[PDB]
Structure formats: structure tokens, C-alpha cells
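Student: Got a structure for you, protein_25.cif, holding mmCIF, C-alpha atoms and all ligand atoms.
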data_data
loop_
_atom_site.label_atom_id
_atom_site.label_comp_id
_atom_site.auth_asym_id
_atom_site.auth_seq_id
_atom_site.Cartn_x
_atom_site.Cartn_y
_atom_site.Cartn_z
CA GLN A 1 9.15 8.50 8.30
CA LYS A 2 9.10 4.84 9.38
CA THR A 3 9.15 2.22 6.62
CA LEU A 4 9.25 -1.56 6.29
CA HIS A 5 10.03 -3.66 3.20
CA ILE A 6 8.59 -7.19 3.07
CA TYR A 7 9.04 -9.89 0.41
CA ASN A 8 6.53 -12.74 0.63
CA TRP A 9 4.75 -15.32 -1.50
CA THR A 10 1.69 -14.35 -3.48
CA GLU A 11 -1.62 -15.14 -1.77
CA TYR A 12 0.13 -15.69 1.57
CA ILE A 13 -1.43 -13.00 3.79
CA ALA A 14 -4.87 -11.61 4.52
CA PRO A 15 -6.08 -8.71 2.35
CA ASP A 16 -6.05 -6.31 5.33
CA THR A 17 -3.07 -7.55 7.38
CA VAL A 18 -0.76 -4.80 6.12
CA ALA A 19 -3.45 -2.11 6.22
CA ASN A 20 -4.28 -3.00 9.84
CA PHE A 21 -0.58 -2.88 10.73
CA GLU A 22 -0.15 0.54 9.10
CA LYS A 23 -3.15 1.92 11.00
CA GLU A 24 -1.86 0.61 14.33
CA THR A 25 1.80 1.63 13.93
CA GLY A 26 2.04 4.48 11.42
CA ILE A 27 4.64 2.47 9.48
CA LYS A 28 4.71 2.66 5.68
CA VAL A 29 4.92 -0.95 4.46
CA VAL A 30 6.26 -1.78 1.01
CA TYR A 31 4.88 -5.27 0.32
CA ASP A 32 6.30 -7.14 -2.69
CA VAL A 33 5.48 -10.69 -3.76
CA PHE A 34 7.15 -13.56 -5.60
CA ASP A 35 5.52 -16.64 -7.13
CA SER A 36 8.50 -19.02 -7.14
CA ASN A 37 11.26 -19.91 -4.69
CA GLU A 38 13.86 -19.56 -7.46
CA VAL A 39 13.21 -15.81 -7.65
CA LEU A 40 13.58 -15.38 -3.89
CA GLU A 41 16.76 -17.45 -3.50
CA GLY A 42 18.32 -15.59 -6.43
CA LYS A 43 17.91 -12.21 -4.75
CA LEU A 44 18.95 -13.40 -1.28
CA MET A 45 22.24 -14.79 -2.61
CA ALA A 46 23.00 -11.58 -4.53
CA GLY A 47 22.66 -9.61 -1.29
CA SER A 48 21.70 -5.95 -0.83
CA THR A 49 18.04 -6.80 -1.43
CA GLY A 50 16.66 -3.81 0.48
CA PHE A 51 14.23 -6.13 2.28
CA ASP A 52 13.79 -6.07 6.05
CA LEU A 53 11.74 -9.28 6.16
CA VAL A 54 11.61 -12.20 3.73
CA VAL A 55 9.70 -15.49 3.75
CA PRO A 56 11.95 -18.42 2.74
CA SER A 57 11.39 -22.09 3.37
CA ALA A 58 13.03 -23.54 6.46
CA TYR A 59 14.96 -25.88 4.14
CA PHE A 60 16.63 -22.95 2.36
CA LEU A 61 17.55 -21.43 5.73
CA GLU A 62 19.86 -24.29 6.71
CA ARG A 63 21.65 -23.78 3.38
CA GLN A 64 22.39 -20.15 4.34
CA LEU A 65 23.04 -19.98 8.10
CA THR A 66 26.76 -20.49 7.43
CA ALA A 67 26.67 -17.83 4.69
CA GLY A 68 25.35 -15.20 7.11
CA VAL A 69 22.51 -14.05 4.86
CA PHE A 70 20.24 -13.53 7.89
CA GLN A 71 20.78 -12.09 11.35
CA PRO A 72 19.65 -13.67 14.64
CA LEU A 73 16.27 -12.56 15.94
CA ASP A 74 16.26 -10.60 19.21
CA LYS A 75 13.66 -12.50 21.23
CA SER A 76 13.45 -9.65 23.74
CA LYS A 77 11.73 -7.66 20.97
CA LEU A 78 9.26 -10.55 20.45
CA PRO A 79 7.41 -10.94 23.76
CA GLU A 80 4.66 -13.04 22.12
CA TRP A 81 7.20 -15.60 20.87
CA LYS A 82 5.79 -17.97 23.51
CA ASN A 83 2.64 -18.31 21.38
CA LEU A 84 4.45 -20.45 18.79
CA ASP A 85 3.76 -24.19 18.84
CA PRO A 86 6.84 -25.94 20.32
CA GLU A 87 6.35 -29.04 18.15
CA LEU A 88 6.61 -26.94 14.98
CA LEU A 89 9.53 -25.00 16.46
CA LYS A 90 11.30 -28.35 16.93
CA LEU A 91 10.72 -29.35 13.30
CA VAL A 92 11.96 -26.00 12.03
CA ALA A 93 14.94 -26.30 14.40
CA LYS A 94 16.25 -29.20 12.29
CA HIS A 95 17.13 -26.51 9.72
CA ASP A 96 17.54 -23.60 12.19
CA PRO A 97 19.09 -24.94 15.41
CA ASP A 98 17.66 -23.31 18.56
CA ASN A 99 15.29 -21.26 16.34
CA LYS A 100 17.83 -18.44 16.25
CA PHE A 101 17.11 -17.01 12.79
CA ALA A 102 13.55 -17.85 11.69
CA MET A 103 10.03 -17.35 13.02
CA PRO A 104 7.71 -20.14 11.82
CA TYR A 105 4.91 -18.57 9.78
CA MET A 106 2.82 -21.19 7.92
CA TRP A 107 3.23 -24.88 7.18
CA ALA A 108 1.59 -27.54 5.05
CA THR A 109 2.15 -30.76 3.11
CA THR A 110 2.46 -31.85 -0.50
CA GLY A 111 -0.38 -34.27 -1.17
CA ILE A 112 -3.12 -35.06 -3.68
CA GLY A 113 -5.74 -32.54 -4.75
CA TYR A 114 -8.64 -34.10 -6.60
CA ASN A 115 -12.14 -33.61 -7.98
CA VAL A 116 -14.35 -35.78 -5.78
CA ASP A 117 -17.09 -36.46 -8.33
CA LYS A 118 -14.82 -37.14 -11.30
CA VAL A 119 -12.50 -39.49 -9.40
CA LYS A 120 -15.48 -41.50 -8.17
CA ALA A 121 -16.98 -41.66 -11.67
CA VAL A 122 -13.71 -43.00 -13.10
CA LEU A 123 -12.50 -45.25 -10.26
CA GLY A 124 -15.67 -45.93 -8.26
CA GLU A 125 -17.06 -44.74 -4.94
CA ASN A 126 -14.24 -46.63 -3.18
CA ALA A 127 -11.47 -44.84 -5.09
CA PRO A 128 -8.22 -44.92 -3.03
CA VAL A 129 -8.25 -41.20 -2.24
CA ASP A 130 -6.38 -41.92 1.02
CA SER A 131 -3.36 -43.38 -0.79
CA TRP A 132 -0.66 -42.35 -3.24
CA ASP A 133 -1.98 -45.35 -5.20
CA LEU A 134 -4.56 -42.92 -6.61
CA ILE A 135 -1.90 -41.13 -8.67
CA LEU A 136 1.23 -43.34 -8.53
CA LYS A 137 -0.31 -46.62 -9.74
CA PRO A 138 -0.17 -46.68 -13.57
CA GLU A 139 -3.46 -48.58 -13.84
CA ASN A 140 -5.27 -45.74 -12.06
CA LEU A 141 -3.53 -42.91 -13.91
CA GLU A 142 -4.42 -44.50 -17.26
CA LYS A 143 -8.10 -44.25 -16.32
CA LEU A 144 -7.71 -40.69 -15.00
CA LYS A 145 -5.73 -39.40 -18.00
CA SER A 146 -8.71 -38.04 -19.93
CA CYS A 147 -9.99 -35.97 -16.99
CA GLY A 148 -6.55 -34.42 -16.44
CA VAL A 149 -3.55 -35.25 -14.26
CA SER A 150 -0.98 -32.67 -13.13
CA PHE A 151 2.26 -33.00 -11.18
CA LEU A 152 4.29 -30.27 -9.53
CA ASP A 153 7.32 -29.03 -11.46
CA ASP A 154 9.43 -29.68 -8.35
CA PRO A 155 11.84 -32.62 -8.64
CA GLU A 156 12.90 -32.45 -4.99
CA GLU A 157 9.35 -32.96 -3.71
CA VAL A 158 8.26 -35.41 -6.41
CA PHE A 159 11.30 -37.70 -6.15
CA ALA A 160 11.04 -37.73 -2.35
CA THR A 161 7.36 -38.64 -2.64
CA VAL A 162 8.11 -41.43 -5.12
CA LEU A 163 10.98 -42.79 -3.02
CA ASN A 164 8.78 -42.91 0.08
CA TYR A 165 6.05 -44.65 -1.92
CA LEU A 166 8.58 -47.28 -3.02
CA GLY A 167 9.48 -47.96 0.62
CA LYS A 168 12.81 -46.13 0.44
CA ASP A 169 14.23 -43.27 2.47
CA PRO A 170 12.48 -40.16 1.08
CA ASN A 171 15.84 -38.37 1.49
CA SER A 172 17.87 -41.21 -0.03
CA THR A 173 21.51 -40.33 -0.64
CA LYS A 174 21.99 -43.08 -3.26
CA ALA A 175 22.05 -41.67 -6.79
CA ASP A 176 20.85 -44.99 -8.23
CA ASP A 177 17.59 -44.73 -6.26
CA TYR A 178 16.77 -41.64 -8.33
CA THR A 179 18.03 -42.78 -11.74
CA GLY A 180 16.72 -46.33 -11.28
CA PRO A 181 13.47 -47.24 -9.53
CA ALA A 182 12.15 -43.70 -8.99
CA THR A 183 12.67 -42.74 -12.64
CA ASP A 184 11.33 -46.12 -13.77
CA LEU A 185 8.00 -45.51 -12.05
CA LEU A 186 7.75 -41.89 -13.18
CA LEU A 187 8.35 -42.94 -16.78
CA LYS A 188 5.50 -45.45 -16.51
CA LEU A 189 3.26 -42.64 -15.23
CA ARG A 190 4.49 -39.91 -17.61
CA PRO A 191 2.26 -40.68 -20.64
CA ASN A 192 -0.81 -40.05 -18.45
CA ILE A 193 0.40 -36.74 -16.96
CA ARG A 194 -0.98 -33.69 -18.74
CA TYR A 195 1.56 -31.19 -17.42
CA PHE A 196 4.18 -30.44 -14.79
CA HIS A 197 3.47 -27.04 -13.25
CA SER A 198 3.44 -25.64 -9.73
CA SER A 199 0.49 -23.25 -10.01
CA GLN A 200 -1.79 -23.95 -12.99
CA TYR A 201 -3.44 -26.83 -11.11
CA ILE A 202 -5.13 -24.39 -8.70
CA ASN A 203 -7.45 -22.87 -11.29
CA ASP A 204 -7.65 -26.13 -13.24
CA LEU A 205 -8.86 -27.98 -10.14
CA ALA A 206 -11.34 -25.21 -9.34
CA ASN A 207 -12.77 -25.15 -12.89
CA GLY A 208 -12.92 -28.92 -13.43
CA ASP A 209 -10.21 -29.03 -16.10
CA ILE A 210 -8.06 -31.48 -14.12
CA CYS A 211 -9.26 -34.21 -11.77
CA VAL A 212 -6.09 -35.12 -9.82
CA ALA A 213 -2.96 -33.16 -8.97
CA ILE A 214 0.11 -33.31 -6.78
CA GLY A 215 0.03 -30.01 -4.96
CA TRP A 216 0.46 -27.91 -1.87
CA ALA A 217 -2.35 -28.41 0.65
CA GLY A 218 -3.31 -24.76 1.05
CA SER A 219 -3.23 -24.18 -2.70
CA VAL A 220 -5.67 -27.06 -3.15
CA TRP A 221 -7.91 -25.79 -0.35
CA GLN A 222 -7.84 -22.38 -2.04
CA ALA A 223 -8.99 -24.08 -5.25
CA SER A 224 -11.76 -25.83 -3.32
CA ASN A 225 -12.92 -22.49 -1.90
CA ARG A 226 -12.80 -20.82 -5.32
CA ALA A 227 -15.02 -23.59 -6.71
CA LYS A 228 -17.56 -23.09 -3.91
CA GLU A 229 -17.66 -19.32 -4.47
CA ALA A 230 -18.10 -19.92 -8.21
CA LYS A 231 -21.20 -22.05 -7.49
CA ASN A 232 -20.11 -24.32 -10.36
CA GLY A 233 -20.65 -27.60 -8.49
CA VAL A 234 -16.95 -28.53 -8.64
CA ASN A 235 -16.06 -30.38 -5.43
CA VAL A 236 -12.30 -30.28 -4.79
CA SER A 237 -10.72 -32.07 -1.83
CA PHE A 238 -7.19 -32.83 -0.68
CA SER A 239 -5.57 -35.90 0.86
CA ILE A 240 -2.47 -36.41 2.98
CA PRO A 241 -2.07 -40.07 1.95
CA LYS A 242 -1.66 -42.90 4.42
CA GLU A 243 1.88 -43.71 3.26
CA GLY A 244 3.00 -40.26 4.41
CA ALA A 245 3.85 -37.02 2.66
CA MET A 246 6.41 -34.24 2.70
CA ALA A 247 5.82 -31.49 5.26
CA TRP A 248 7.38 -28.07 4.81
CA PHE A 249 7.52 -24.80 6.72
CA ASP A 250 7.69 -21.20 5.53
CA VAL A 251 9.32 -18.79 7.96
CA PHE A 252 9.96 -15.09 8.41
CA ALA A 253 13.64 -14.12 8.44
CA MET A 254 15.54 -10.84 8.64
CA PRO A 255 18.41 -10.19 6.19
CA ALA A 256 21.65 -9.22 7.89
CA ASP A 257 21.69 -5.79 6.20
CA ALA A 258 18.08 -4.98 7.13
CA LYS A 259 17.73 -1.20 7.31
CA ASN A 260 14.53 -0.96 9.40
CA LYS A 261 14.97 -3.57 12.14
CA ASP A 262 12.76 -1.89 14.75
CA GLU A 263 9.86 -1.79 12.29
CA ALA A 264 10.54 -5.42 11.35
CA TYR A 265 10.31 -6.55 14.98
CA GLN A 266 7.03 -4.64 15.33
CA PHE A 267 5.64 -6.56 12.36
CA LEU A 268 6.88 -9.92 13.65
CA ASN A 269 5.34 -9.39 17.09
CA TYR A 270 2.18 -8.23 15.30
CA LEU A 271 2.08 -11.57 13.47
CA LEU A 272 2.55 -13.31 16.83
CA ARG A 273 -0.74 -11.85 18.10
CA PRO A 274 -3.26 -14.73 18.02
CA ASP A 275 -6.02 -12.97 16.08
CA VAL A 276 -3.63 -11.60 13.43
CA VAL A 277 -2.21 -14.90 12.21
CA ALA A 278 -5.51 -16.73 12.75
CA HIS A 279 -7.09 -14.22 10.36
CA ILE A 280 -4.40 -15.04 7.78
CA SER A 281 -5.04 -18.78 8.07
CA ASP A 282 -8.76 -18.10 7.62
CA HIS A 283 -8.01 -16.48 4.25
CA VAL A 284 -5.16 -18.58 2.80
CA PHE A 285 -6.19 -22.01 4.17
CA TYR A 286 -2.74 -22.76 5.60
CA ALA A 287 -2.08 -23.77 9.18
CA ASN A 288 -0.04 -21.18 11.03
CA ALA A 289 2.63 -22.13 13.56
CA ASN A 290 0.99 -20.23 16.45
CA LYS A 291 -0.56 -22.48 19.09
CA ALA A 292 -2.37 -19.63 20.84
CA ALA A 293 -4.00 -18.73 17.52
CA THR A 294 -5.51 -22.14 16.73
CA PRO A 295 -8.78 -21.71 18.70
CA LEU A 296 -9.35 -18.38 16.92
CA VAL A 297 -9.04 -19.91 13.44
CA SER A 298 -12.37 -20.50 11.72
CA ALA A 299 -13.81 -23.92 12.54
CA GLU A 300 -13.87 -24.90 8.86
CA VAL A 301 -10.08 -24.47 8.71
CA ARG A 302 -8.87 -25.60 12.13
CA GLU A 303 -11.08 -28.71 12.03
CA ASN A 304 -9.81 -29.72 8.57
CA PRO A 305 -7.32 -32.60 9.07
CA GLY A 306 -5.76 -31.76 5.69
CA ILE A 307 -4.78 -28.35 7.06
CA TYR A 308 -4.27 -29.07 10.80
CA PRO A 309 -3.51 -32.82 10.77
CA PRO A 310 -3.72 -34.77 14.05
CA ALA A 311 -0.87 -36.51 15.83
CA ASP A 312 -1.06 -39.81 13.93
CA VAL A 313 -0.87 -38.02 10.58
CA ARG A 314 1.93 -35.66 11.63
CA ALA A 315 4.01 -38.69 12.65
CA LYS A 316 3.75 -40.01 9.06
CA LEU A 317 5.15 -36.80 7.55
CA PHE A 318 8.78 -36.44 6.49
CA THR A 319 10.84 -33.31 5.92
CA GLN A 320 13.44 -32.57 3.28
CA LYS A 321 17.12 -33.05 4.10
CA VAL A 322 19.99 -31.26 2.40
CA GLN A 323 21.82 -33.40 -0.16
CA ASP A 324 25.31 -33.43 -1.61
CA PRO A 325 25.55 -31.35 -4.82
CA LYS A 326 26.06 -34.54 -6.85
CA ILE A 327 22.57 -35.72 -5.88
CA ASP A 328 21.19 -32.30 -6.83
CA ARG A 329 22.56 -32.58 -10.37
CA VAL A 330 21.34 -36.19 -10.55
CA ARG A 331 17.80 -35.14 -9.63
CA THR A 332 17.82 -32.30 -12.17
CA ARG A 333 19.01 -34.51 -15.03
CA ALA A 334 16.57 -37.28 -14.10
CA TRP A 335 13.70 -34.79 -13.91
CA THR A 336 14.43 -33.50 -17.41
CA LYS A 337 14.41 -37.10 -18.65
CA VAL A 338 11.10 -37.85 -16.91
CA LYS A 339 9.42 -34.77 -18.37
CA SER A 340 10.88 -35.21 -21.88
CA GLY A 341 8.90 -38.19 -23.15
CL CL B 401 10.87 -26.29 4.60
#
Could you render the structure from this file as C-alpha cells?
Ligand SMILES: [Cl-]
Tutor:
Amino acid sequence: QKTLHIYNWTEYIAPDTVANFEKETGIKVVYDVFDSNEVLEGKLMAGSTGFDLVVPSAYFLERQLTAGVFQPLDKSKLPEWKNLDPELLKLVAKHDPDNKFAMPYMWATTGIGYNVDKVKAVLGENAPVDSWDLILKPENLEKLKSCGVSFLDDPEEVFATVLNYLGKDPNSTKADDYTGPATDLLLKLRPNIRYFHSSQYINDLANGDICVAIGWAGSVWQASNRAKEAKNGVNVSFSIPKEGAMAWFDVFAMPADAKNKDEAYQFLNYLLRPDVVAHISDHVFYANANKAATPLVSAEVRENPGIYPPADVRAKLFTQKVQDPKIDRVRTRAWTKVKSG
């Protein structure tokens, strides 16, 4: 019997991807899901996970290439590797030099999801939906409070977004940037924020319970699609603001103790087939990292500049850099202070 154990995010594959793979290969796939990066990182560090393929962020990969948690990918077993977009390979390479350990899977940004009609009713037809001003100017958030404002419960992404908005290095290494101006702004915004949570805003956007949220692009586009299918009239959109936004990349990686490597390479090369990953993007509303696949993606998705942004927008995106542990503890303490009154 041939088997393959995969650990991926929830709602990060097409409903029939695994079934199609099993039919084509005769491999028994055990597909498990996690809903938070803390759960994944915890298992990876403990080792002996029993997984042949896992889906970490590229950022986490850099923090583990010296630890040897993953093994290098044999490109000779991945003949369709050439389909991957070289620009995205370069960005991932900043965490995984020479792309030795990770295969780029999907990527997106952290921007603003919003209810089109409610924002325009509160702030006017000319509401600054193309700017972080929509959600980071206190005067605007005070008006939007009643219709619901949510932020991610992710200090790393939120502080980097605030720092960039203030004109500072989004990956600032100065502790006082976090405890001072970044915290000062967040505390001015806090009384207008309904909650900090990294998933509840999907359904709340789709149902009309919140009007503006900091969120992951594909999660917001999923909310927009859920609202359409519900025929409730809720019109959700997403913005990569003009001041820039954090871009991030989820990748497939192979733990060093993977027990079914041959099956894992079959699955990776399966994902490299243009129609396979294009079909996933069609369902999850995330851009994949496969350049050959882009023309096969549904027009509604590939033509959406909030999913596949053009060159001018991509040049405004920043990626997360690793920090010294002191800065990590500073961000955690400051985040608790922001959230607690
Ligand atoms: Cl990343």
C-alpha cells in the first residue's frame, strides 16, 4: 500500500484535488488541516510528526533551515518545477536561498476587507477605500465603529502595517518604534475596534455584521463569494492600499523524517501541473505561484488585482523579516497592552 500524509491549512485546496490525485496514482492520502500557524509550528518543532508534506509560511522556513526540520527537494523528481513564477521564487528565496527546501504554493497580502455599501453610507461615495486611512485614521474609525471594525489577532502583521503607515521601516529593529508611535496610534484606534480575531471576520463580513476588517486577501474574497452565493445583497470587497501592504507566501515543504518521499514528490509534481493548481485558485481565491497556470485560472480570479496584483502594486508590497528575540517579546507585550483597554 502507498500512502501520503499531508498537513495543510483549512480551506486551502479544492474539494476534489485529493480525490483526483488518488484516482490517478492509487495513493491513499491522509489529509489533515490546521486553522492557526501556532498549531503547525508547535508540531514541527517537536519533530516526528508523521507528515510527508506540510504547508508553512516562507517566513517560518528561514527560522528552521538551520535546525534541519526539512530536507532539500530533489528537483529531478519535479520536472514541472519550471512552471513556477521566477519572480515569486525570488521573493521566497529571501527566506529559502536558492529555493532548496520549499515549493511556493499560494501567496497573498494583508489588506482591508470592507462592505462597499456600508462604508459609502458612513463615509461617502468617495470613501478612501484605496488607503490605510480608511481604518488607521481615528476620525474614520469613530464613524465606522457602530457597523463593526475587526483587526487580525496577529501583532507581527499589524505592527508592520502600522509602522509602514507611519512612514517607518515595516521591519523596524528599534523597540521604541513599537512601544512608542505604533502603540500610540493603535491605542487611539482601539476603542473603535470590536474584536481582534484572525477568522471571525470572514463570516462577519459575508453576513454584514462588520463593515471593515484587516484580513488576508483570499479570506476576504472567500467572504465576498459567500455573500454572493447567499443572495443577501452584501457586497464585500478588498483593497491592497496605496501605501503598501505585507505580502506573504505559503509553501509546501518535506520534513526530514518523511516516510513516503516518493509519494510526496508525486503530489508536488501533481500540484505543478497547470490545471491542478489553477483549479485550487478558482476555489480558494488565492493566487498560486505557478506562471503556467495563470491563463487557466478563472477570469474572475486572475483578473482581480486584489488577488493577482500588477507590477506597480507588487512593488509596493513588503515582506516580513526575522527579528531579534528581544523585539519579539516587545511586540507581544505591546500587543497585550493594545488589546487590553
Ligand atoms: Cl511568508
Student: My list of candidates is A:127, A:214, A:22, A:113. Which is closest to residue A:155 when distances are computed with only C-alpha atoms?
Tutor: A:214
Student: In terms of the shortest atom-to-atom distance over all atoms listed in the file, which of A:158, A:189, A:315, A:55 is closest to ligand CL 401 (chain B)?
Tutor: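 Result for the nearest residue to ligand CL 401 (chain B): A:55.
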Student: Within 8 Å of stretch 73-76 of chain A, counting all atoms listed in the file, which residues qualify if same-chain residues fewer than 5 places away don't, as a list in words?
Tutor: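 The contact residues come out as residues 81, 100, 101, 102 and 254 of chain A.
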Student: Please check which residues have atoms at most 10 Å from (-9.4, -19.9, 1.6) in the file's coordinates, counting all atoms listed in the file, and write them as number ranges by chain.
Tutor: A: 11, 14, 218-226, 280-286, 300-301
Student: Which one is closest to ligand CL 401 (chain B): A:160, A:251, A:193, A:227? Count all atoms listed in the file.
Tutor: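 So, comparing all the options, the nearest one is A:251.
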Student: Could you give me, as a PyMOL selection string, every polymer residue with an atom at most 9 Å away from an atom of ligand CL 401 (chain B), counting all atoms listed in the file?
Tutor: chain A and resi 56-61+92+95+107+247-251+319-320
Student: Considering all atoms listed in the file, can you say which of A:154, A:142, A:243, A:184 comes closest to residue A:167?
Tutor: A:243
Student: Considering all atoms listed in the file, can you say which of A:270, A:12, A:105, A:238 comes closest to residue A:85?
Tutor: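 Nearest to residue A:85: A:105.
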Student: Restricting the calculation to all atoms listed in the file: of A:228, A:77, A:90, A:137, which residue gets closest to residue A:262?
Tutor: A:77
Student: Around (-15.6, -34.7, -3.8) in the file's frame, which residues reach within 6 Å when counting only C-alpha atoms? Return as a PyMOL selection string?
Tutor: chain A and resi 115-117+235-237
Student: What gap, in Å, lies between atom CA of residue A:162 and atom CA of residue A:213?
Tutor: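 Interatomic distance, atom CA of residue A:162 to atom CA of residue A:213: 14.3 Å.
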Student: Can you tell me, as a ChimeraX atom specification, what residues are no more than 10 Å from residue A:128 when counting all atoms listed in the file, ignoring any on the same chain fewer than 5 positions away?
Tutor: /A:119-120,123,133-135,140,241
Student: Report, in Å with one decimal, the straight-line distance from atom CA of residue A:187 to atom CA of residue A:201.
Tutor: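 Between atom CA of residue A:187 and atom CA of residue A:201 the gap works out to 20.8 Å.
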Student: So that all listed atoms of stretch 77-86 of chain A fit with 4 Å spare on each side, what axis-aligned box centre and edge lengths in Å, to one decimal, would you give as lines of an AutoDock Vina configuration file?
Tutor:
center_x = 7.2
center_y = -16.8
center_z = 21.3
size_x = 17.1
size_y = 26.3
size_z = 13.0
